[PDB]
Structures are given as structure tokens and as C-alpha cells.
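Visitor: Listed in order, the protein sequences are those of chains A and B.
For the first sequence, the tail end lands on 165 under the deposited numbering, and the numbers increase by one without skipping.
For the second sequence, the tail end lands on 165 under the deposited numbering, and the numbers increase by one without skipping.
Protein chains: 2
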Amino acid sequence: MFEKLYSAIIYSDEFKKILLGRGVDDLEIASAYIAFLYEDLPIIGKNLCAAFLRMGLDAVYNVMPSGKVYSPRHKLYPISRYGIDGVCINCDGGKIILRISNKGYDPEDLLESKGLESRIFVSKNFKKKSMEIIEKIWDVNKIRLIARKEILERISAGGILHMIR
Amino acid sequence: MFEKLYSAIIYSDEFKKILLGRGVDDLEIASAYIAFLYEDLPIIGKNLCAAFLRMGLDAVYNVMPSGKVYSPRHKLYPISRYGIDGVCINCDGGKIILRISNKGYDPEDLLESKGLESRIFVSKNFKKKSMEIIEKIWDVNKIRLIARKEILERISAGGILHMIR
Ligand SMILES: Nc1ncnc2c1ncn2[C@@H]1O[C@H](COP(=O)(O)OP(=O)(O)O)[C@@H](O)[C@H]1O
Ligand SMILES: Nc1ncnc2c1ncn2[C@@H]1O[C@H](COP(=O)(O)OP(=O)(O)O)[C@@H](O)[C@H]1O
Ligand SMILES: [Mg+2]
């Protein structure tokens, strides 16, 4: 069921390593959860994994130099424009501000949440908790090598430089 | 004895596909042969394969968006400048001019060459004949696959954006 969500988090994580030398964040992975739940909610800010969840490999063409995705068709924005009442992953604009707290949802406890509130918070170490869930269920290293080879096949289609425009 | 030369031709072909989405030219391959005979001769324009021969994976950091390499430490120059008495791959600068001809050198005959003419010529389908040699010696697919893993390993650790500077 969460097969769409956990795949996004592995693929975004590999692509981000190819593109910026590092892997996805606590809050960037959190954005994939929020979007797995509310599929017509605009995700503003650090939103790379939501963008893989909604766009597949095609997010690769829309990622800004910041790792934020602009793709208004899939309601992904890097900053808040007028009238977008979306979730702001680590920013103060939009309708709903998502950041980190001691007493903030876990990976499990967030999937459960039935409402959307004016302020959303997620637990420290959200990525570590979410990688363990995926690890117990999948062979993640077999997936990562398959992810890298497909992302490279994408990038090599028109070449890195094409993909930058 | 020629392994190092034939590895550069297979590594550059995999790297150019990742950067510009297409293989290497007849003349880009020819430049590597030249780099192999004349270890101090400066090579000007169309030098992606001579760059791998002279720099290894460290060439990825010195590629212009044209796929020409600028590394003066290694006597590699994308355009001719005053006083660089080198071979010019498919330009009219420097001292020697390398260009395709109907009668030009073969891979075997260019290797066997002893002089340095004021004008070298390589046969049409220099790349075809050169890939037909290398394919008789190794399972090239096992190489391209390794070259990719190592090219990606290099790109990734920096981040594609660090590398494009
Ligand atoms: N640079 C491009 N190259 C090829 N096709 C494109 C390009 N830009 C847009 N399209 C196409 O135009 C249509 C509109 O897409 P668009 O709304 O521009 O995408 P996005 O919401 O990701 O910015 C789509 O069918 C898409 O496939
Ligand atoms: N990880 C890296 N390892 C080695 N060289 C790098 C790396 N990242 C970037 N470079 C760049 O590659 C180039 C290779 O050296 P070169 O231009 O020949 O001599 P110099 O050291 O004088 O700049 C340098 O311009 C350097 O800034
Ligand atoms: Mg060409």
C-alpha cells in the first residue's frame, strides 16, 4: 500500500545524491508523507520527495538548483505565491506551516492523523525512523542500485546539461 | 600496451553520453591516439578522449559545455591561443591540423605512424574501425557498465552541480 510512498523516498534520496552530493532531509521525506495523504494539497518549500511521489522520474526535469520542485500541474511550488493555501515545508507562508518538534508525529503517527491543522510538527529523526520501516520490509540496497541506474538512464537521455534547462 | 588508450575511448564515450547525450566523434577518438603517441604535444579542440588518457576520471571536472577540455597542466586547450604549437583536432589553429579525409589514417596505421606532418588525416569511420578493434579484445558491455558506475560515483560525490561549476 505504502509502496508508492516508500519508493518515492528511495528514488528522491538517490537522485538528490547524484544532483547535490547529499541525501534527502527529515522535512523533505515528511513532504512525501503529507502528499501521500492529501493529494490535492499544494506542497511549498522543501518538497523533493512529494515531487517524486506525484511525478515519478519526471520530477528530475523540474527540480530547481535548491532541490525544490516547481511543477504547478502537480501543485509543487518552491515558494508561496498568492492564493496557494498549501503546506509550507519549513516556511511561514501558505495556509499550514510544517516544521520539527520534540512531540511531533512519527512516520506511523502521521499516516494515522485524520485532520490537517494550522501548524503541523514532526518528530526529530523522522528520516531515521522512516528508513527503518522501509529497511525491515525491503532490501533497500537492491532498490537503490536499480534507482541509480534508472535515474542515470534518464539523465543520460538528453544529458545533464539539457536536464538543467 | 594499448589498454590505457582503449580504456579512455570507452570511458569518455560513457561520460559524453551522460553530459551531452551522445557518443564521441571520429575526431574525439583520434585525439586520444594522438595523445598516446606524443605525450607532450598540446591537443587543441575536440580532445575529450585525449583528456581521459591524460587525466583519468579527473577529466570530468574540466569539461567545457562543448565537450572540449581545458586543462593546461595537461596541455589540453579548447581553442588555440598565442604560442601553443600543438595539433588542432578539426580547427585551423596551432601548428598541425587534424581532419577527416577519404584517404586518411586507419587506427592501425595512425598508431604505426612515425612522423608528425603539417596536416594529419584520419579515415572516415575511424570510430567504427577503432570500436571494432576494442570489441574484439574485451566484452565492452562489461566495461561501459563499470565506467558508468565509476563516472557516477565521481559525479555523485561532488554533486552534478559542483561538477558543472
Ligand atoms: N521543455 C519541454 N519539453 C517538452 N515538453 C514540454 C516542455 N514543457 C512543457 N511540455 C509539455 O507541455 C504540456 C504542458 O506542460 P507544463 O504545464 O508546461 O508542465 P509543468 O506543470 O511540469 O511545468 C505537457 O503536456 C508537457 O509534456
Ligand atoms: N575533487 C576535486 N579533485 C581535484 N580537482 C578538482 C576537484 N574539484 C574541482 N577541481 C578543479 O579541477 C582543476 C584541476 O587542476 P588544474 O586546473 O589542472 O590546476 P590548478 O590546481 O592550478 O587549478 C582545478 O581548477 C580545480 O579547481
Ligand atoms: Mg558531435
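Every residue, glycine too, gets a C-beta built ideally from N, C-alpha and C.
For B/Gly-86, which of helix, strand or coil comes out of DSSP?
Guide: Your numbering for residue 86 of chain B matches position 86 in the second sequence. B/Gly-86 falls in the coil class under three-state DSSP.
Visitor: When you compare the segment 120 to 129 of chain A with the segment 68 to 81 of chain A, are there three or more beta-carbon pairs, one atom per stretch, that lie closer than 8 angstroms?
Guide: Taking 8 angstroms as the limit for Cβ pairs, the verdict is that the segment 68 to 81 of chain A does not touch the segment 120 to 129 of chain A.
Visitor: For the putative contact between A/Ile-120 and A/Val-69, defined by C-beta atoms under 8 angstroms, what is the C-beta separation to the nearest angstrom?
Guide: The sequence position of residue 120 of chain A within the first sequence is 120, counting from 1. The sequence position of residue 69 of chain A within the first sequence is 69, counting from 1. The pair is not a contact, with the Cβ atoms about 20 angstroms apart (cut-off 8 angstroms).
Visitor: Tell me, please, whether the CB atom of B/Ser-66 is closer than 8 angstroms to any CB atom in chain A?
Guide: Against the second sequence, residue 66 of chain B aligns to sequence position 66. No, no contact with chain A.
Visitor: Excluding the 5 residues preceding and the 5 following A/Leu-53 in the sequence, name in chain order all residues of the same chain whose CB lies nearer than 7 angstroms to its CB.
Guide: As a first step, residue 53 of chain A is located in the first sequence; it is residue number 53 there, counting from the start. The residues are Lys-4, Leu-5, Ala-8, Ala-32, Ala-35 and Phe-36.
Visitor: Comparing the CB of B/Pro-65 with every heavy atom of ligand 1, is any distance shorter than 7 angstroms?
Guide: Position 65 of the second sequence, counted from the start, is the residue given in the question as residue 65 of chain B. Checking the Cβ of B/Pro-65 against ligand 1 gives no.
Visitor: Determine the direct distance from the alpha carbon of B/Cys-91 to that of B/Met-131, and round the result to whole angstroms.
Guide: Position 131 of the second sequence, counted from the start, is the residue given in the question as residue 131 of chain B. Position 91 of the second sequence, counted from the start, is the residue given in the question as residue 91 of chain B. Answer to the nearest angstrom: the Cα atoms are 24 angstroms apart.
Visitor: How would you write the range of the alpha helix (DSSP H) that A/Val-122 sits in, first residue to last?
Guide: By one-based count along the first sequence, residue 122 of chain A stands at place 122. A/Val-122 -> not in any alpha helix (DSSP H); beta strand (DSSP E) instead, spanning 119 to 123.
Visitor: Would you be able to state if there are at least three C-beta pairs under 8 angstroms between the segment 9 to 22 of chain B and the segment 140 to 149 of chain A?
Guide: Segments in contact, no.
Visitor: Under 9 angstroms Cβ-Cβ, which residues of chain A neighbour B/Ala-157?
Guide: Residue numbering aside, residue 157 of chain B sits at position 157 when the second sequence is read from its first letter. Here the neighbours are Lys-17 and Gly-21.
Visitor: Going along the segment 135 to 150 of chain A in order, which residues come within less than 7 angstroms of chain B, judged by CB to CB distance?
Guide: Correct list: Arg-148.
Visitor: My output table needs one value for residue 166 of chain A: the three-state DSSP class, helix, strand or coil.
Guide: Because chain A in this structure spans residues 1 to 165, residue 166 of chain A falls outside the shown range and cannot be described.
Visitor: Under 9 angstroms between beta-carbons, which chain A residues line up against B/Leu-161? List them in chain order, please.
Guide: Taking the second sequence and counting its residues from 1, one reaches residue 161 of chain B at position 161. Within 9 angstroms Cβ-Cβ: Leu-19, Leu-20, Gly-21, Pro-65 and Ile-164.
Visitor: At what residues does the beta strand (DSSP E) containing A/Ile-97 begin and finish?
Guide: For the purposes of this step, residue 97 of chain A is taken as residue 97 along the first sequence, with counting starting at 1. A/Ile-97 -> beta strand (DSSP E) spans 96 to 101.
Visitor: Show which residues of chain B have a CB atom less than 8 angstroms away from the CB atom of A/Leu-152.
Guide: Against the first sequence, residue 152 of chain A aligns to sequence position 152. Chain B residues near A/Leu-152: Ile-18, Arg-148 and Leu-152.
Visitor: When every heavy atom of ligand 4 is checked, does at least one fall within less than 7 angstroms of the C-beta of A/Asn-47?
Guide: Ligand 4 is not part of this structure, which contains only ligand 1, ligand 2 and ligand 3.
Visitor: Rounded to a whole number of angstroms, what is the C-alpha to C-alpha distance between A/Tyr-11 and A/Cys-49?
Guide: Translated into positions along the first sequence, residue 11 of chain A becomes position 11. Translated into positions along the first sequence, residue 49 of chain A becomes position 49. Rounded to the nearest angstrom, the two C-alpha atoms are 8 angstroms apart.
Visitor: Return the first residue and the last residue of the alpha helix (DSSP H) that A/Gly-158 is part of.
Guide: Numbered from its first residue, the first sequence carries residue 158 of chain A at position 158. That run of the alpha helix (DSSP H) goes 140 to 158.
Visitor: In this structure, does DSSP put B/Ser-12 in helix, strand or coil?
Guide: Counting from 1 along the second sequence, the entry for residue 12 of chain B is found at position 12. If DSSP states are grouped into helix, strand and coil, B/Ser-12 belongs with the helices.
Visitor: Output the distance between the C-alpha atoms of B/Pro-78 and B/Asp-109, rounded to the nearest integer angstrom.
Guide: Position 78 of the second sequence, counted from the first residue, corresponds to residue 78 of chain B. Position 109 of the second sequence, counted from the first residue, corresponds to residue 109 of chain B. Approximately 26 angstroms between the Cα atoms of the pair.
Visitor: Closer than 8 angstroms by C-beta to A/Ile-155: which residues in its own chain qualify, once you throw out the five before and the five after it? Chain order, please.
Guide: Counting from 1 along the first sequence, the entry for residue 155 of chain A is found at position 155. Cβ neighbours of A/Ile-155 beyond the five flanking positions: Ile-18, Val-60 and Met-163.
Visitor: Nearest to B/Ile-29 by alpha carbon, out of B/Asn-47, B/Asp-40 and B/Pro-42?
Guide: Working through the second sequence from its first residue, we reach residue 29 of chain B at position 29. Per the Cα distances, B/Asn-47.
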